[PDB]
Amino acid sequence: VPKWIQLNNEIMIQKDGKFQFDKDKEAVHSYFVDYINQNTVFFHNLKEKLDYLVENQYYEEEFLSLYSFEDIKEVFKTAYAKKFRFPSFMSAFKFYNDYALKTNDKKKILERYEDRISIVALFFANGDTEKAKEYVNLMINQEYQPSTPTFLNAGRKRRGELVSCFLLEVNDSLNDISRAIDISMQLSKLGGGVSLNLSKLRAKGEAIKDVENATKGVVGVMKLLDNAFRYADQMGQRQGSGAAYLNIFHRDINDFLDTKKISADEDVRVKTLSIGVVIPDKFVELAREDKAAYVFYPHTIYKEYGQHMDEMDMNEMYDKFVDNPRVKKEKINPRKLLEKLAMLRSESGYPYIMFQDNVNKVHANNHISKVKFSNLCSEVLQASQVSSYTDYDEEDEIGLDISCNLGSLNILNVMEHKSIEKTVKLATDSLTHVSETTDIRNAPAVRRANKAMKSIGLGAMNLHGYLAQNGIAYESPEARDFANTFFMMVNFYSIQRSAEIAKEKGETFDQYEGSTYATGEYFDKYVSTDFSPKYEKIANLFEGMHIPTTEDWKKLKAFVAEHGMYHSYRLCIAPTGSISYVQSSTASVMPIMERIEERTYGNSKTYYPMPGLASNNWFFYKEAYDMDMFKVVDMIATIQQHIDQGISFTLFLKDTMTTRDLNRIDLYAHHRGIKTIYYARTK
Amino acid sequence: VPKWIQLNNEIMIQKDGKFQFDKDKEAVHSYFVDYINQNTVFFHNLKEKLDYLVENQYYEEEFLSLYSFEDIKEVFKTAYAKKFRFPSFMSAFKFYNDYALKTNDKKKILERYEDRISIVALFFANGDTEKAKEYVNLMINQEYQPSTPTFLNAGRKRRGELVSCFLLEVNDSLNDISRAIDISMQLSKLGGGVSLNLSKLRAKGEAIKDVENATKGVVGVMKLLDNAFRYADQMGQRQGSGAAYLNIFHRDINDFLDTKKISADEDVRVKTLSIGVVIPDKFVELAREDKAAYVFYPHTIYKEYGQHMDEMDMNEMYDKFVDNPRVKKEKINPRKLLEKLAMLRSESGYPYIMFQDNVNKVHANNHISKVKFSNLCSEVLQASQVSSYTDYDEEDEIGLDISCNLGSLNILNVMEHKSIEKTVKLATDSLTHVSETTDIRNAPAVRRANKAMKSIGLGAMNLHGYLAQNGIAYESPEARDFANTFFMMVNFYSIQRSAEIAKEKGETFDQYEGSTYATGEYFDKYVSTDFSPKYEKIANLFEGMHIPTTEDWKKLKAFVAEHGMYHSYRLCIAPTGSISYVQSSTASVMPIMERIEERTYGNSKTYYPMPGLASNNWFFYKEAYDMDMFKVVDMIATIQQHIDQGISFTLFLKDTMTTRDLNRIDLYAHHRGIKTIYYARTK
Amino acid sequence: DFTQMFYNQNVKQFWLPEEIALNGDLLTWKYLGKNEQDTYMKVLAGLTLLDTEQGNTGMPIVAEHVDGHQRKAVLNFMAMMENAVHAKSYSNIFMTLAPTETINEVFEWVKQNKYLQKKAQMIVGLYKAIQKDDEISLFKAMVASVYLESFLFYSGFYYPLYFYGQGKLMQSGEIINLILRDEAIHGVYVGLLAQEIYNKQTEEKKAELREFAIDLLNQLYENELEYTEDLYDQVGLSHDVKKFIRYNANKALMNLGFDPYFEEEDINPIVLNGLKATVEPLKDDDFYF
Amino acid sequence: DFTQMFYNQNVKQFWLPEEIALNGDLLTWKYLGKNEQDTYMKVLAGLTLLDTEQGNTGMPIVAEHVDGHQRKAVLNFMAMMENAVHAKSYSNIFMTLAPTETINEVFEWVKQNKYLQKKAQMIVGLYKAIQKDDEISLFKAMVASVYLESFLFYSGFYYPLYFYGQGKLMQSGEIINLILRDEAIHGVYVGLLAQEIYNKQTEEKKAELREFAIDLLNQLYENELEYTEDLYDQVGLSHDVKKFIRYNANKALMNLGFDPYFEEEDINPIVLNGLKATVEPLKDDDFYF
Ligand SMILES: Nc1ncnc2c1ncn2[C@@H]1O[C@H](COP(=O)(O)OP(=O)(O)OP(=O)(O)O)[C@@H](O)[C@H]1O
Ligand SMILES: Nc1ncnc2c1ncn2[C@@H]1O[C@H](COP(=O)(O)OP(=O)(O)OP(=O)(O)O)[C@@H](O)[C@H]1O
Ligand SMILES: Cc1cn([C@H]2C[C@H](O)[C@@H](COP(=O)(O)OP(=O)(O)OP(=O)(O)O)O2)c(=O)[nH]c1=O
Ligand SMILES: [Mg+2]
Ligand SMILES: [Mg+2]
Ligand SMILES: [Mn+2]
Ligand SMILES: [Mn+2]
Ligand SMILES: [Mn+2]
Ligand SMILES: [Mn+2]
């Protein structure tokens, strides 16, 4: 066993009844003085390194050609001047195993952390040396972390796409289904997770040109997509991951759910395609009143009204659907469907739950389209227009397929540096650059939506780490007050940066004029309610930083009205799974699953303590499963009120609790304004 | 139990030690006195019937509008003047259960046999009343039978395409694979059987964008195609049928074959995807000499030579591939592979066997392309060019995808009417009309090849029926003499009609000038070898009909040289599954499987004796399983020497014979010039 | 002279309840009166109990004491059928036709039913009284087993057969016929083993063994009468079932090599209506013609 | 948590000796040397003798002492496979490859063999020591059973798998592979039953049961090494067989929920080629907060 492995395992060997957390630090030293420094490839100077990486097809030469070598040297020197040290063994291990650039045979390390950060910063700046240094300082301080696609692939010749998630709308036609399968394979080839809205597809037993009971429903398309994602599995490196979203009022909703039952037959079971359910407020109202609900056949509704079932408001059209004899429907028990959802989530963690009305009551771009589904991580909530892929030799009507670039603020590092504004603006600029340089030649709706919406996702990580390292319980009202203030600041500065980009470029996102940003409605709660901290401890935490007031929000509203906004969507809180290790941060705004996690790598086992875990903050690092899910819902709703897109909200459940407890948590989330629920992980 | 079913089951009841075959005739009468006439919709006049069928979206207005009502009435009167009577119960049952037009509620019969024949004739003639009457006389004499798609769908508004055999070339790309899946779905939606060539696809463990061990091979593509064919199942009417062809020198050939093993796992086995193997002469030479063979990685060959492995002659390329270090290959035992093929055919009848050099040594259009694969029934053998389907908003390079037009001569009815020439020419004209009226807007290469090649398949059936009713054993040399003469006359008149159509329209098929028809090579064996019958009995059978001599063939060769040939391909012998029942004929040129076949429809049993079966010809109606497969191979080769495309050749084996016997039959078929082997049906 | 043919017959009769789809009985079940459904559930529950003990206890214990690997293989196979196939099939039937509460209630009902407890007490008591190397205790248990196989099951079998014969509950009935086909051969086989032991005895000992067999049969019979009345009076069939069990008692005696004890009677005719390829390598001469 | 799942896997793996034609093995058997034929015969007899103990005693004794109807049914099914399927399969292989006199002599030799007897009697001793209502003695017997199913058979299985991986004796190798696949699931299942008992014990009692298991493993392992050299030195395979024994010992320990004892080793490639949360209804007022 390696020396650093033994040093890391020495953490759990208690001394005087206490964990040896400091041993972890020793491990990193070993991991660098025995493996990383020996396995790294050193050159005489930076010129030889850059030339070797360029000619050997490791780096794209275009982004490096925008800078003179003196500027690149200055950027690299700025990166190395911080003398960044990984405080935990797992941070360095995760970076050098998942994100550091290696040779073709993967026998040596070509990229250090500073090298990777410098390359990403130079790609972000697009020829601006000062901007590149700003990005270097932002990432080496670990205030901002680009998503895994962006951080791993920026400036690389053998790179994939920098966009993490893609959302596709599938129209009710064989041509559209085949095009959706093709685009899903193309985007999984690019490495991104693909989500498909199957609510427009007509249910099982519908007519294909006057021959009835002909359609296979959404389950056949689900099987096709599952095989497509199995085939396109990132060249066999990462398993192809897809998501299917169906409205709960679709007739196939049961069969949909039956794809995830552990007793499902092979002709129905789907195993590589995640499932999500979109629940309008009408379904929750029907379940609450115990009135029997009706699921609908989408094609009959489309024939009668000319629009898809998910294209209009069910809260106002459900009674018209039920009373219409030309609309076909089936009777269901909404409470039984809710119990089935809870049982499925207990068994397998599926489906994702999207509260459609919670998303669309604060959605700023309802004029473009209502949000009808979410992404594979159930945090992207954007307007999408379905595409009409016609026959060959016929022009296709290209719609809008959602796609946003992810980037997370490290809350602990951002607040320690007292740089919410600067970090938010620089992250917005980096995400705007990632969107601008993204061009996908096989997904036309994705390309058009990227060019028009200009949507980005600016997330946050290390919420629980910051709260526990500052002596604040994650479930406490003080923690929710901190989240309210911090994310109001993040939203304020993201809107300010979006408006500044719109002013400097003279262009807004497409159809911005009909948005609530243009009409000023979006700023209502910000121009009437003060989001400054209500607790003295939180206010002290925010000292040295100008917390925006109602007057600052009014000025920002006027600025947006004058100049517009460059981005249709700005903030989305992704799960941030593996890149949180490198940043020494807790995953996303979720509470920690465990204080010390035991992970098996190779034939060895390693223990990763939570960042900053110690004796004095052991009980502030409360495990998520031990927490009240209602207070976690309260925290997520408090954050969500300042996030325009959704938050990947994983439910952390105990084995003792029943499906009724899961249903109660889901209904409280819906009541509190939670937009989406990601996972039901049971301990 | 209905009266006609009792009268049909009375056949097996033996009187005086003989089957009551004549009772079947009585059954037909009952089937018409009790059921057909009662459930047949009658109109006051044909005008009312045509108006009702057109208005209720049963027929098409376009083809009926080309004639005055007097001409349509005259065509219907010509059809009804024959007073055609089905000689067996199963003929009428199959027609009125499969082909007769029924109401939307499927309880009444709108079309009789004469009505359907008249409608198909009017569709064929395209406005010529005399031509329509000629077609009516052809089909009511049952000399020619349009295929199930053409016969069932001609003149019907609610219909699939008139072509059901489609051959697709799949290029080695994700875009091409997705396009192939889409086209397969679209053609299965039209009701056609789709065959895909997977030899150009790179094997498992190949590089994608210079990353190693990334390709899933052809088995993942087969899984995708199997899911696509399961999804597209004729609006839930018939099981989606598809075929995949792989060259035996493709490295995936074992895994390909492993998709049909019973022991194969769920992630390996494809259930609704037929498989065929293309066997070049090089593989047979390697197996014969017991030298170990090499299966090659197609992408390495493409990188080294710039052409696909299946696009070049393996006979001259195999040694260069083996000696090339940059071509990756795996060692195999060709005799072990042959034994595996025989074992798999014994277990499941798969794969289909295509002898590439047997096809291509007589292929007339090798300049366009060599025949690389066959159809789902393993009888279509045509030149195909792969298409380069690029990314979106980029122009695709459309190639040639095979789609031939099926139609079968009834050898008994044709020869008893002494009308080989007239029937062949009229069938060629009808096939040309159906090929010209076919327009598929979702298969670009299929449409392009249909427009360019103008390839049709004119088959024959009732060969064994005709031979048995004339006191000739199917395995006798006299039967082979008759087949030689009859199919040489069929080829002569098909070529003459093709040249006449080319002269009339002033156009040949695309790239005809490079064909062996243009150079006169095709006629070589016809201008030197006399194909007149060598037996007096066969000559007396051909009495009253002019048998083309060598001088006639020289005149035809000169005529083709002067005027060209309209069809790239003219003759292919399809299995003729259900139309053989309606025509009261034995299926294809195959020998009969059973003298009397027992079938179960609903909860009732039915008995179909072979047409013309009696005590006198009971011995001549020898069952296929009791026959020597070498003599069946000899007869099929005798026919194949006059057929430009292949013949659906099913092997009929006993359970006693082993895989050595199957391999011997396959090798004798290869030796005798058999182009394709369809199935290995074990009794 | 017989074990090998019983071995072959037993293994060729192998089946699983999952081979029979049961959803086809859903409607004919729905259509029965509450009395009929109650009797049917209870009847099958009584059968389940018998097979549970025959599989857990009876067949394994007899297997332990019978000499010879082939005889043991047959008895082990029969034991597996009892609890892994027969007893389980009843749960397949219950799970299809009945809601969980009705299923729970009927299993509670077997525990408290005095006739079912008495018959289990008597049969299992004899199984557990077998003494190693004591052929007489073994004979007594084999008589008990034959009486379970060929007599005691039949108060239960009557009702599924009665429905099958009317074209009702035919999928459940198919399962029951397969179970009955097995028990018939099990009763014959165990009967032959019992006769082996009986034939070793003195005439005086034989006379005592016949007394044991007849006394046991009468005691079981009297209990079965009360059980039959308890179950069948509500469906009007008790007298008919009684005739059936007497018929089968005679078959059990015959399986033991004894004369019939009850007089012949006409049984309900409805119930009577209720009853790879070989591979050769390629030679170099197969490539030339 | 597991018995119904194992029931399913067991019954779906059902097979019969007659399914594999054995005669074609004579075409490779005739080409083996005397030492190869001798080792094969001796290994085969070893497996046969051990499997008979498992069919006559091991499985039935565990089925007797384990509580639970469904567990007894699964255990009965496993006992059936030993006696009705495996035993007949071993006999069939023997009768195909050797004449009657040779079979009798090999069994005489292996019956007297010191290393085969040592392990056979050690296992049987633990089965004979089970006491009614004593879960500790039952656990010890289950450990012995898992060691037989998942460990002791494998010094024997090695050779048929070695031939099977080379294309030799393919018919008997297919049979052995089916047998081995049954023993694997038997070992896993009995292992779960042992862990259930183990988990009901105090910490001191657990440590004591662990010491028992490791001590027993050590005794059996040291005898396996001697058994291995005795059979495999004459065909030069002992080094590789020893790696296979340790690898399978580790699997047996994992079946009992214990850590592996031996370091990980690679195995001979020829042999490798041969080888619900509680549903609670919504009560209303759960929609209001
Ligand atoms: N935790 C760590 N994170 C990142 N790099 C590290 C870490 N520990 C060691 N290294 C790398 O290994 C080298 C070993 O030097 P070390 O940290 O022991 O101190 P040093 O030799 O006094 O110099 P310096 O600390 O100034 O780099 C470091 O210079 C650095 O490049
Ligand atoms: N074998 C048969 N094949 C086809 N149609 C038949 C057959 N037998 C009877 N029919 C149908 O039933 C009708 C009655 O025929 P039948 O044998 O009674 O005498 P017919 O002289 O042909 O009668 P019709 O006056 O109808 O022409 C036929 O006209 C035809 O439509
Ligand atoms: C062709 C086909 C379609 N479908 C379903 C899936 C599609 O969502 C739906 C629409 O198919 P379409 O491609 O729209 O078929 P169509 O346009 O010819 O019929 P229509 O005019 O009624 O639109 O039909 C199947 O389930 N199986 C099939 O094989
Ligand atoms: Mg459509
Ligand atoms: Mg390519
Ligand atoms: Mn039983
Ligand atoms: Mn029994
Ligand atoms: Mn065994
Ligand atoms: Mn076992």
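Residue numbers (the authors' numbering), protein chains in the order written: chain B, 6 to 688; chain A, 6 to 688; chain C, 16 to 290, 309 to 322; chain D, 16 to 290, 309 to 322.
We treat Cβ as the ideally placed atom computed from N, Cα and C, and that holds for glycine.
Item                                                                                                            : Value
Residues sharing a beta bridge with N252(A), DSSP                                                               : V283(A)
Cβ distance (whole Å) where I77(B) is taken to contact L127(B) below 8 angstroms                                : 6 angstroms
Proximity winner among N180(A), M550(A), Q150(A), relative to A579(A) (alpha-carbon distances)                  : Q150(A)
The stretch 184-194 of chain A in contact with the stretch 231-238 of chain A per 3-pair CB rule at 8 angstroms : yes
Pair within 8 angstroms by beta-carbon distance, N259(B) and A297(B)                                            : no
Test item: CB-CB of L561(B) and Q501(B) under 8 angstroms                                                       : yes
Neighbour list for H368(A) in chain C, Cβ cutoff strictly below 7 angstroms                                     : Those within 7 angstroms of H368(A) in chain C number zero; the least Cβ separation is about 24 angstroms.
Segment limits, beta strand (DSSP E) that includes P614(A)                                                      : 609-614
Same chain, Cβ closer than 8 angstroms to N467(A), neighbours up to 5 away in sequence not counted              : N415, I416, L417, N418, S585, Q588, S590, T591, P616
First and last residue of the uninterrupted alpha helix (DSSP H) at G188(D)                                     : 185-213
Distance between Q242(A) and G222(B) (C-alpha atoms, nearest Å)                                                 : 15 angstroms
Within chain C, the residues that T663(A) reaches when beta carbons sit closer than 9 angstroms                 : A310, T311, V312, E313
Between the CA atoms of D317(C) and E294(A) - distance to the nearest angstrom                                  : 8 angstroms
Beta-carbon neighbours of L342(B), restricted to chain D and to distances below 9 angstroms                     : Chain D residues near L342(B): none, gap ~11 angstroms exceeds 9 angstroms.
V38(B) Cβ short of 7 angstroms to ligand 1 heavy atom set                                                       : yes
Start-to-end residues for the beta strand (DSSP E) that takes in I500(A)                                        : Counting along the chain, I500(A) falls outside any beta strand (DSSP E), though it belongs to the alpha helix (DSSP H) covering 482-510.
Residues of the stretch 437-458 of chain B with Cβ closer than 7 angstroms to any Cβ of chain A, in chain order : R446, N447, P449
Cα-Cα separation between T54(D) and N270(D), rounded to whole angstroms                                         : 30 angstroms
Near ligand 6: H101(C) beta-carbon under 7 angstroms from a heavy atom                                          : yes
Neighbouring residues, chain C, relative to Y673(A) (Cβ below 8 angstroms)                                      : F322
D66(D) beta carbon near ligand 5 (any heavy atom closer than 7 angstroms)                                       : no
Per DSSP, cross-strand counterpart(s) of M359(B)                                                                : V283(B), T681(B)
Rounded C-alpha distance that separates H647(A) from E548(A)                                                    : 21 angstroms
Members of the stretch 243-276 of chain B near chain A, C-beta cut-off 7 angstroms                              : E271
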